[PDB]
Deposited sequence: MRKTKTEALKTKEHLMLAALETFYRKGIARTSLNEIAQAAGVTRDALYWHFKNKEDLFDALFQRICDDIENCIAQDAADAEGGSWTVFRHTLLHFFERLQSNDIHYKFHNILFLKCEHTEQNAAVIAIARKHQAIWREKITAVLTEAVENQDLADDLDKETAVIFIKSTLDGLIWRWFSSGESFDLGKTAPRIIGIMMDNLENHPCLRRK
């Protein structure tokens, strides 16, 4: 896993300079290896970022591994918890929201982040579908809008926290926001596929 030393060098350089302004060179340097050594494991700055994204998901699943709806709750609380206690999770999301501009110069990286978004949307859809089946959520729940509503809510909190310089207690705020979101998903008529 000389890959991890490399992934961390990138994660560390992305955090400091932002993705667009970091080159494989500096990443190789920061990692103390050669360009060819790096290239052998990662052919791009985009693959490194891709690897980080994947590492982040792996962690989330390894942790998730009564009622799937109730476990979704903990998974969400557990996410904001480590978003603040885990360094790799803190830096990665900070980079994603605050240091990854949507310029043509970054299109490749943005395409990568785009497939991962798709991955989470699919995963949220599965949670919703299962919650319905187990009757934790109403049968006429508008799943399409629910997913958008869920991502919107969580992304909003993350953006708000990082963008304000962490000017508010995430440990106390997230639970509240999560409880309101899940209550809305269970009871609010606006989220019904009426």
> What's missing from the model if you number the deposited sequence from 1?
Replying inline: 1-9, 75-81
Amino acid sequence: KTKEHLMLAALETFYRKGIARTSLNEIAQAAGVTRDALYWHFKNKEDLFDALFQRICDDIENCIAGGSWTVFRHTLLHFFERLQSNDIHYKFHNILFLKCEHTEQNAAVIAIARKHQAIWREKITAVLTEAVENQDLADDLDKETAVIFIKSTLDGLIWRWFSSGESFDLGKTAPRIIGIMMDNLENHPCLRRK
From here on, numbers count along this sequence of modelled residues.
> On average, which has the higher Cα B-factor in the deposited entry, 112-120 or 89-97?
Replying inline: 112-120
> As stated in the PDB record, which stretch has the larger average Cα B-factor, 156-164 or 42-50?
Replying inline: 42-50
>> Please say which third, lowest, middle or highest, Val127 falls into when its CA temperature factor is compared across its chain.
In response: middle
> Where does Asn184 sit by CA temperature factor within its chain: lowest, middle or highest third?
Replying inline: lowest
> Taking the C-alpha B-factors as the PDB entry records them, is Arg55 in the lowest, middle or highest third of its chain?
Replying inline: highest
>> Taking only the Cα B-factors deposited for this chain, tell me whether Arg35 sits in the lowest, middle or highest third.
In response: highest
> Against its chain's modelled residues, does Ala28's Cα B factor rank lowest, middle or highest third?
Replying inline: middle
